[PDB]
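Everything on this sheet refers to the single structure shown next.
Protein chains: 2
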Amino acid sequence: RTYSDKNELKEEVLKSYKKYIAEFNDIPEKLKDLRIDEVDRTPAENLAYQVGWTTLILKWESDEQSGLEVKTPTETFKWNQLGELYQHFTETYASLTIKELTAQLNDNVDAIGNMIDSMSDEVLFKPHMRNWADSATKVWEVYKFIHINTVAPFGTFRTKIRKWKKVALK
Amino acid sequence: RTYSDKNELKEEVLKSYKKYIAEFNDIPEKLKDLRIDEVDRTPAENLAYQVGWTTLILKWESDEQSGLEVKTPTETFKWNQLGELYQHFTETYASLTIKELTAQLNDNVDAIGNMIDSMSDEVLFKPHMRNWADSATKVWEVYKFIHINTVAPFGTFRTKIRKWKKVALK
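Going down the list, the protein sequences come from chains A and B. Numbered by UniProt numbering, the letters in the first sequence go through residues 2 to 139, 142 to 173 in order. Numbered by UniProt numbering, the letters in the second sequence go through residues 2 to 139, 142 to 173 in order.
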């Protein structure tokens, strides 16, 4: 286990989200669709990606609550249709303002906060407790493994060591 | 794909690593094994975890590239044994000083950046390009899926939008 309890997970979600969404404060609406060569996504596409995926994970849990046997990311799109799914995210939130996208993403992140609260320690942290989690596990590229063993723990274990320093180095 | 290209991946690896490893600069060696109730790991255990996993990913790649069989995660502990694996990491590496751990992890992160530089875009970002990557996916809990759809992209797409602003709002 890498998060110790649901409180720690919730705090990391909240704090990473705040750092992320704060960056869009200074972006003019007229530039929401501005694409540069150095970065693949526009500000609008950047936010739309988060709105799309956070909507889906909430849907999975909802559908599973209903007894639905959920193996697909969505209505329509395969686990091999992700490039097309991201495309779908972009048009669904196309011509939405940064302000509007931010409002919706805020709502989703809170819903996720509530989902964590409403989940016992067990269904959050033990295997085979949601069939959508099992199913979604059913192909990973090299770059995902690199991220999962560098960027991801370098973030979460940095939070851990800072908490250790708070208590130990006083 | 979430990362624009391999340089964007390498940048997030190096940036997140620098943030992480900087936290250990003011931890006295004498307190490296000090355990407290509020965090699950000591500073040496925290480092040892990273040393263990970064060593493994480098080993899987090296071994596969010379035509050897690769047993993931190890040839002794398989995937139902990650608690045992982490505990092996700690016996192997946590006895080392913070300075020694930091030297090894520095070297591993350097090697991972070099590995990324040396890989084609296809090998990094397409499925079924490494046997070790396919082998590693053949059970994830709910909390992992929550992290992967909030904390992880909130970090990665924050790096995107910060880069975007540096070019677009100069």
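Where a beta carbon is used, it is the ideal one built from N, C-alpha and C, also for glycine.
Any non-hydrogen atom of the ligand SAH within 8 Å of residue i CB
| i | result |
| --- | --- |
| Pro156 of chain A | Annotation note on the ligand SAH: not contained in the displayed structure, which lists no ligands. |
Straight-line gap, residue i to residue j (C-alpha atoms, nearest Å)
| i | j | result |
| --- | --- | --- |
| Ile99 of chain B | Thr55 of chain B | 16 Å |
| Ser136 of chain A | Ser136 of chain B | 17 Å |
| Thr75 of chain B | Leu57 of chain B | 8 Å |
| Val71 of chain A | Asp41 of chain A | 31 Å |
| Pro156 of chain A | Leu83 of chain B | 15 Å |
| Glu85 of chain A | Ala95 of chain A | 15 Å |
| residue 248 of chain A | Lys31 of chain A | Because chain A is modelled from 2 through 173, residue 248 of chain A falls outside the range shown and cannot be assessed. |
| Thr91 of chain A | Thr43 of chain A | 10 Å |
| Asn81 of chain B | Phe126 of chain A | 15 Å |
| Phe25 of chain B | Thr3 of chain A | 19 Å |
| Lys7 of chain A | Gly68 of chain B | 43 Å |
| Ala45 of chain A | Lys166 of chain B | 15 Å |
| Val110 of chain A | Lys16 of chain A | 11 Å |
| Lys139 of chain A | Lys19 of chain B | 34 Å |
Assigned secondary structure, residue i (DSSP; H/G/I helix, E/B strand, else coil)
| i | result |
| --- | --- |
| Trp54 of chain B | helix |
| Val142 of chain A | coil |
| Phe78 of chain B | coil |
| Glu65 of chain B | helix |
| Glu70 of chain B | coil |
| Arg2 of chain A | coil |
| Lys127 of chain A | coil |
| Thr162 of chain A | helix |
| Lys169 of chain B | helix |
Inter-residue CB distance, residue i and residue j (contact presumed, cutoff 8 Å)
| i | j | result |
| --- | --- | --- |
| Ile37 of chain A | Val52 of chain B | Incorrect: roughly 37 Å between the Cβ atoms, too far for contact. |
| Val124 of chain B | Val145 of chain A | 6 Å |
Given a limit of 9 Å on CB to CB distance, which residues of the region 142 to 159 of chain B reach chain A? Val142, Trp143, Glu144, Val145, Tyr146, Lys147, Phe148, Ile149, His150, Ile151, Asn152, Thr153, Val154, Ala155, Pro156, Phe157, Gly158, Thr159
Which ranges would you report for the beta strand (DSSP E) in the region 5 to 51 of chain A if only whole runs of at least 3 residues count? none
Under 7 Å (Cβ pairs) to chain A, residues found in the region 80 to 99 of chain B: none
At which residue ranges does the region 83 to 120 of chain B contain complete alpha helix (DSSP H) runs of 4 or more residues, listed in the order of the chain? 83 to 94, 99 to 119
Could you run through the region 121 to 137 of chain B and flag, in chain order, every residue whose CB is less than 9 Å away from some CB of chain A? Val124, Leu125, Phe126, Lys127, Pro128, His129, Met130, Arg131, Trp133, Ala134, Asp135, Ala137
With 9 Å as the C-beta to C-beta threshold (strictly closer), list the residues of the region 47 to 61 of chain B near chain A in chain order. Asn47, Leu48, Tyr50, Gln51, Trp54, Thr55, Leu57, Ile58, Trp61
Chain-ordered residues of the region 29 to 42 of chain A with a beta carbon less than 7 Å from chain B: Result list: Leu32, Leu35, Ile37, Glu39, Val40, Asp41, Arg42.
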